[PDB]
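One chain is shown next in structure tokens, namely the form deposited in one PDB entry.
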């Protein structure tokens, strides 16, 4: 029942925000509105709904009550005014960019981006007259310099693969604030529990709820959180007319179920990651480790200023790159070889022999991916079992 406004604690709000059982027959768990359409008692009522004069529903693609609860909750957790639920993280990203951008507009992007986001920008909306430019969001001088009068939005992830490179959200937001640019941050890795970009100046945040938010890898979903003004536009244009990325109320319910243990799951992911990162740091076979929790992390101070905890993701490089990375991966027995992250199950991937195996050392390298870089999404399994798997696989990678 306990609302938000950020009064009750985070765990309380992640469980109760926006829902009062007394308002729904006393049902402790909200009933799921698995219906596409809603009916009107009167024609004058339906009209009032369409004209926004009366609060109600009429069609789930535009708005569904079960989705509305998820949206209100996520908004509360992120500290924003409004939320919007979508069929996937890409759905949230595209619906967002498709409505804020038009030909002639420029979009300043972080140096690296999720593959599909990159693909979408360069071979998608980029091919429709939108200008794109990659800049280091940590370098506020370089950013301020790339700012033009056509820069309409600034988009990036933080941390961003492959080295978990961070950006100065507040620094970026201040520059964008003076230029009239819109800042949107993909806060998938941290979640509102570890980082809240909106509180640092960002205008909007996007999430692939398919990851940590759901936490159990049984749904693909996306979330957008920001001001009412901005979110309304994305709902009514990006979502409604473009993309049509509608989230199933069933999936919205499973996501809210996942969010109920968000703080607890993130606490374990991070606790587990820290021990694994430190164990890796002691391995002679490991050349470099990209984990915000290690004191030698290049952006350690900035990370600590934006994230409450170092996260559950680890990237590291094996000396003797490809081959050691391939042997390692193939020896794993608890960790799963798969793409994705934020599941209870621990996952691992070695781009050099997996996603970018088709490239050549040169291609790969001249593109940012090392030959021995493996990324792990540390799960919730027992740390010693995980350490034992990595230890056994490290011996095999030899």
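Numbering follows the first chain given and starts at 1.
Q: Of the other PDB entries for this protein whose models extend past residue 304 on both sides, does at least a third leave it without coordinates?
A: It is, since residue 304 is left out of at least a third of the other entries that model both flanking stretches.
Q: Among other entries of this protein with both neighbours modelled, does residue 350 go without coordinates in a third or more of them?
A: Across the compared entries, residue 350 is modelled every time.
Q: Can you let me know which of the two, 59 to 67 or 358 to 366, has the higher average C-alpha B-factor in the entry?
A: Result: 358 to 366.
Q: Which of the two stretches, 151 to 159 or 263 to 271, shows the higher mean Cα temperature factor in the record?
A: Between 263 to 271 and 151 to 159, it is 151 to 159 that shows the higher mean C-alpha B-factor.
Q: If I read the C-alpha B-factors straight from the PDB entry, which of 186, 241, 251, 199 is highest?
A: That would be 199.
Q: Between 218, 278, 203, 287, where does the Cα B-factor run highest in the record?
A: Of 218, 278, 203, 287, 287 has the highest C-alpha B-factor.
Q: Can you work out whether the C-alpha temperature factor of residue 44 puts it in the lowest, middle or highest third of the chain?
A: Top third by C-alpha B-factor.
Q: In terms of the CA temperature factor given in the entry, to which third of its chain does residue 211 belong: lowest, middle or highest?
A: Lowest third of the chain for residue 211's C-alpha B-factor.
Q: Using the B-factor values recorded in the entry, state whether the Cα atom of residue 132 falls in the lowest, middle or highest third among the modelled residues of its chain.
A: Highest third of the chain for residue 132's C-alpha B-factor.
Q: Ranking the modelled residues of this chain by C-alpha B-factor as given in the entry, is residue 326 in the lowest, middle or highest third?
A: Middle third - that is where residue 326 ends up once the chain's C-alpha B-factors are sorted.
Q: Test of reading the entry: by CA B factor among the chain's modelled residues, which third contains residue 18?
A: It belongs to the middle third of the chain when residues are ordered by C-alpha B-factor.
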